[PDB]
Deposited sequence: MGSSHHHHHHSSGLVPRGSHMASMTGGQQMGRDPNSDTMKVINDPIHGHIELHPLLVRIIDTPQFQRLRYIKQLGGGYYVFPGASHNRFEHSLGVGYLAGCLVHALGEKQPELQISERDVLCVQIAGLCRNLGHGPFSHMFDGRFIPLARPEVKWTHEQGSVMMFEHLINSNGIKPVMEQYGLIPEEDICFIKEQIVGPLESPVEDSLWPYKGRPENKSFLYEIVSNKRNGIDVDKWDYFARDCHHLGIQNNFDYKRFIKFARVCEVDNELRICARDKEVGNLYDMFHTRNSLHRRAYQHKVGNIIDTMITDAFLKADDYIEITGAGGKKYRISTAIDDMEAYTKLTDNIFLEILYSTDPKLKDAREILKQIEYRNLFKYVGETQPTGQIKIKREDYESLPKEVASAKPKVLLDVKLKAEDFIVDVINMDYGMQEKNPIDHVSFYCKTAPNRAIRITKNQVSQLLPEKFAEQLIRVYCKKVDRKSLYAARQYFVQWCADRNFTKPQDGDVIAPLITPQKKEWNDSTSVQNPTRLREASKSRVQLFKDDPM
């Protein structure tokens, strides 16, 4: 009927427009209550039980805050109530496409299960949004509140995934370009999605968040840069932006790429792979889908959530025994053992095509220690992690426009040397974790010897614990001594 107030622990009392309420009260959206924001992280950080549902409300709310604040400071932008609603909707709905365990699904599982396809949760969101609209008679309700469904549905989808291919967008013209920089910012990565998860994940994880989004909003203006209207930050605030990405990096290093969290994700992925053939999910017209193919039909995908984990865990079907056994090993905490961590040196970069060949390389190393057990390629997992500021090797701050107190409509650029000598020199790196599937004390000892040898052989960094875990191997490498 009218506006709903929702009490969120992060944002406090949030107003929801009745149109958003209608979008929210659908199985496509409610689905998000059953997908953990951080997947395997919950198995390391016991506070991190939060789901995509609450994150989505926060992204929607923040999207609305930014656009509304821009509108109030700059009425010359001609931001309408219609524009605000579409930005809120895009904010709510950009998480619709997440599969079970969020980033494990599109980052680990689908690449292994369906190598030939290229899938992202963003594509999923678009498809799921379409399904949500059509299955719930949303278009009449959009019209009722002054939206024009054809243009606006397009606008929403473009905000989530980018150009559906000179001005490449068809939902809004160039004079509203800045509206595409709110929910998902392809230019520099500063968007409201990040802002909600920094705050939300920190609150649940028990880490403290150093970024203040409210301050960013108060200092945000729209200015012309190269004949486009873009969201600009106040020049003074440049330090806070570098801090925002440092914060992003901290969350990744401490929580999202936690070495045990990642191994749990790997084990859950492995169980899904072994379960994939025997789990069936009913989609459109009674047709059946696998976990790995539910991404092709939105009706099936609706019913694809973290419940899959428990479906496997509680199953009696002997065909699911292999999948079920892996998950039971998670419950007993018989996890694959962390062997160590290393990095490439200088400009050495490990390509995506070489990932499969790395367990073989570790097993082929010839450490000079007496070993009771001999280990093979399949006993090792090598997890290559790309740690960056969101834009590969590029500095995202070079893609931010700024303004000064004295000329608020004049956009400017700020280079890294203009800010601080204490900032990072590089903006992308790689971490290599090694784990061993053999969990006894003797195998783990052996694994450590192979690993440290492989590091020496590839001229990678000395593992931090190198002298402790492999005292007979580390002296051969002069660079480490």
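- Gaps in the model (deposited sequence, numbered from 1): Residues missing from the model, as numbered along the full deposited sequence, span 1-36, 202-207, 524-550.
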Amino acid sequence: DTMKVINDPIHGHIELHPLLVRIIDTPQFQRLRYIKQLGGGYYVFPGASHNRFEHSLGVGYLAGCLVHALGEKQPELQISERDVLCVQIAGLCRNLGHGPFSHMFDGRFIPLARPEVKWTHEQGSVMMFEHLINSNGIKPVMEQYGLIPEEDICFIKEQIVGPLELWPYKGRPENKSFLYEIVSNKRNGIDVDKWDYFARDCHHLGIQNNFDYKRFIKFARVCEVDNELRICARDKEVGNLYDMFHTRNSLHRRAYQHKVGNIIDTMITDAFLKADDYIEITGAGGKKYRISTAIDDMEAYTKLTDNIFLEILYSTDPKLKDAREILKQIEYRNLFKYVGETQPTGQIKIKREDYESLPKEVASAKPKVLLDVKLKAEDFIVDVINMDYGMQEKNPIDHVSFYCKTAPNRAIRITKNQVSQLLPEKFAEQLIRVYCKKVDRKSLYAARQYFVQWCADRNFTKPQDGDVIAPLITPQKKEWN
From here on, numbers count along this sequence of modelled residues.
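- Would you tell me which stretch averages the higher CA B-factor in the PDB entry, 372-380 or 322-330? Between 372-380 and 322-330, it is 372-380.
- Task: Pick between 240-248 and 132-140: the one whose mean CA B-factor in the entry is higher.
- Result: The stretch with the larger mean CA B-factor is 132-140.
- Query: Based on what the PDB entry reports, which of 191, 317, 201, 265 has the top C-alpha B-factor?
  - Reply: Top of the list by C-alpha B-factor: 317.
- In this PDB entry, which of 98, 287, 258, 234 has the top CA B-factor? Going by the entry's C-alpha B-factors, 287 comes out highest.
- Task: Please place residue 454 in the lowest, middle or highest third of its chain by C-alpha B factor as given in the entry.
- Result: Residue 454: CA B-factor falls in the highest third of its chain.
- For residue 340, return the chain-relative third of its C-alpha B-factor as stated in the PDB record: lowest, middle or highest. For residue 340, whose C-alpha B-factor we compare with every modelled residue in the chain, the answer is the lowest third.
- Query: What third of the chain, by the recorded C-alpha B-factor, contains residue 308?
  - Reply: It belongs to the middle third of the chain when residues are ordered by C-alpha B-factor.
- Message: Going by the CA temperature factor in the PDB record, which third of the chain does residue 407 belong to: lowest, middle or highest?
- Response: As the PDB entry reports it, the C-alpha B-factor of residue 407 lands in the highest third of its chain.
- Message: Split into thirds by Cα B-factor across the chain's modelled residues, where does residue 357 land: lowest, middle or highest?
- Response: Its C-alpha B-factor, which the entry lists for residue 357, ranks in the highest third among residues of this chain.
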